[PDB]
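Chain naming follows the written order as A, B, C, D and E, and within any one chain the residues start at number 1.
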Amino acid sequence: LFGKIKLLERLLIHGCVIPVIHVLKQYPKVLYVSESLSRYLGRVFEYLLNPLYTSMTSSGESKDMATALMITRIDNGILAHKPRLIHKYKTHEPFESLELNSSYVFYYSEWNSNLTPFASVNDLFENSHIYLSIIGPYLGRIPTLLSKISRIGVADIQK
Amino acid sequence: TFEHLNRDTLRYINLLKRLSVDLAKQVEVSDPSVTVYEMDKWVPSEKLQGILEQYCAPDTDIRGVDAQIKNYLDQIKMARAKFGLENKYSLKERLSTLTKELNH
Amino acid sequence: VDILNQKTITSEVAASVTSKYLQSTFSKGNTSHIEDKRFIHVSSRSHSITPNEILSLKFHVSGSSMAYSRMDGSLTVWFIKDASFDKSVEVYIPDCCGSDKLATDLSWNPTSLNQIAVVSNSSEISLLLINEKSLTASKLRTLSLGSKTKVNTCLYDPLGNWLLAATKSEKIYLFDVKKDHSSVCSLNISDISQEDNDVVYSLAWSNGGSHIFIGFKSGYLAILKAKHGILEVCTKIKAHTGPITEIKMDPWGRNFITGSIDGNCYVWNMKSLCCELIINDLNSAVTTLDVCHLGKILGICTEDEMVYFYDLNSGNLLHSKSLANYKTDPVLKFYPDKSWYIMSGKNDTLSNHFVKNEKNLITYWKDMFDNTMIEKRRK
Amino acid sequence: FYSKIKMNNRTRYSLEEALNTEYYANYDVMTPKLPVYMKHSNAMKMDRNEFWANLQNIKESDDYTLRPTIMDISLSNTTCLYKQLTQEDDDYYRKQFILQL
Amino acid sequence: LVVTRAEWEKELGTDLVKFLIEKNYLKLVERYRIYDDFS
């Protein structure tokens, strides 16, 4: 809850990868202390992967930006259509949310300014010896990251 | 004199953000492809923004711009009773019989 | 204390309010039986049994009309302006879509204020108006096409811009609504599912109205565009090991939910099209499935004759009622404008609806807050 | 002082709920950083920043280099001590006395 | 609201004000008063 372990995962939430890679390469069983260290490191690897996964599934995922929209609320005065009204709040929790009428965002929006999302397939094979070797058999705690790398592979054999 | 200038620049700071009376927002939309609306980027009308900016621009009398509201506040129901009467029944009953005679 | 600490709705104070709303909607003064024609016929034979289950139940998108079709006979159309459910039957039609076959599916029209499209099992789609003054139901047209074998389902676009009628063996039809009810395209199901002789179980429109989700018998899920008149296949993923029973959508447009004949119910998000949350529901086969209009409650009803209520953000359980002595296929349905629901099955094949005095969950938390605040303003 | 901030932005929360009567609202009583018309207006920013810019040229000159502190409470003058701690507009002179105590 | 008959026609139509006054919605005080619900 306090100390070194709490310090090591607030650094990985904000932006700091190089001081956290250097610690977990020295003491590789700093995992089995918290199950949050493998969730927040799968938030950084999923940001680098996401421009590549949208382009490999090219025409489908580019129009998937337009499929995500909601239904308006239709009242029966003249049978008119009005949109829904929400309002933002900036919180300290890293994962984005949406309650009954309130949506929550992370307060520090420049968290990904030092990172760069990598190119097609030749850069994925180099950057996975660093990130994916720290959490070795712990990629199965993020099942949505294991499903994304397997669709890069099928889409690369077929093209 | 400095003990008076220092106190009147703390109540100027404490009047721009802290107590700071603001407008009540009516939501108007025109495009039918929005479906989500965050209530942060609601800005007022173009005719009201030009009137409110004239209270703080220099070299103006206050009572001459307070009468531009009484002009504006009565031009806002002279366009809400012009579309609240011609849309009331003169265009309702043109769609009453004409949608029955389409069905027949 | 824990009420008045948070002044905006957080993740934890929302999940404790919605467990009191479902707890207080099962009470004695918050339930009333619909005075149907079968509630009259059952109450005579029970005071002094032939089953006819319902085949569809649909709400108008304004939330002011409710139609539903029993097995043997008639349509019944209720009209609710504001009075809870004791206002008016307007019509019920004993020979609705003909006098020979059954009424399988229904769809209201989102553009026109009063019009249904009832689909028989023969080859023909009869559009008919429900009259407001008198209690009658007059027809408007009757559609047909060539090489039309047996239509089962019909769906309107949530913008009221297309109509999708589908067979479960041969073909899928699009009818334009704006100019005239004319066939635009037709796709053979063998081009959609290439594997075997599949049978289309369920369909859904997306919230925009440009993609169609189709659920087969082999467990495949096909997503196919409808741009203006073209009907082509975008993706094809294998979701379940069994027939995909029902498909729903989030009302905020975030995710969508699928159910199947194993005890399996995923929540797929709509951006990356990958599974996101899995409900551990290893009891029986999920039969019906629906969400709220705020998008928080998820009602699952399996073939153990038990209903559950989950969250969509987490996967935690809120409430659970067991209804074992009945012989129903019980149907949950949430209202589209307020947070009430109409759960089918009270004695044999009936429909009750569960009310409160507050409409939403948000005007319930806002009333629980102001009653606590008086006590802290008392001390 | 805290009952003019509470009753200013509680009436217009009762006025959102009537005009666009789609959505209820309970927000917090906070500092609405700039209202709606002071947020994005470069005619109100540019003449305000050139008022602070010539208040600093008074305090950077070599003439008024003998002056008290901006947050200073007077003790000698019995008139200004009552005029600093009673005006319900600033409230930074009644927070020092709470911190000192 | 109260305007004259000549101030009505600048925004309305002359065919409609000829219909409003015989149908008894407009009243005169030549200030023409109307009681209406638009919100």
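In the analysis below, contacts are C-beta pairs under 8 Å (C-beta built on N, C-alpha and C of every residue); 3 or more make two chains touch, one makes a residue touch a chain.
For reference, the UniProt names are C = Protein TEX1.
Hopping across touching chains, the smallest step count from chain C (Protein TEX1) to chain D is 1. Overall, the chain located most centrally, as judged by its C-alpha mean against the mean of all protein C-alpha atoms, is C.
Taking the mean of the C-alpha atoms as each chain's centre, chain B and chain E sit 25 Å apart. Taking each chain's centre as the average of its CA atoms, chain D and chain E sit 48 Å apart.
The multi-chain contact residues of chain B, meaning those touching 2 or more other chains, are 27, 35. Counting partners per residue, chain D has 20, 24, 27 as the residues that reach two or more other chains. Touching of two or more other chains is recorded for no residue of chain E. Those residues of chain A lying in contact with chain C (Protein TEX1) across their complex are 53, 59-61, 64-71, 73-76, 79, 84, 89, 97-102, 143-144, 147-148.
Of all the residues in chain D, the ones that touch chain C (Protein TEX1) in their complex are 24, 26-28. Taken together, the chain C (Protein TEX1) residues at the contact with chain D in this complex read 7-8, 360, 362-363, 366, 369.
Within the complex formed with chain B, the chain D residues making contact are 4-5, 8, 12, 15-16, 19-20, 31-38, 40-41, 43-44, 47-48, 55, 67-68, 70, 72, 74, 77, 80, 83-84, 87, 89-92. The touching residues of chain D, when paired with chain A in their complex, are 20, 22-25, 27.
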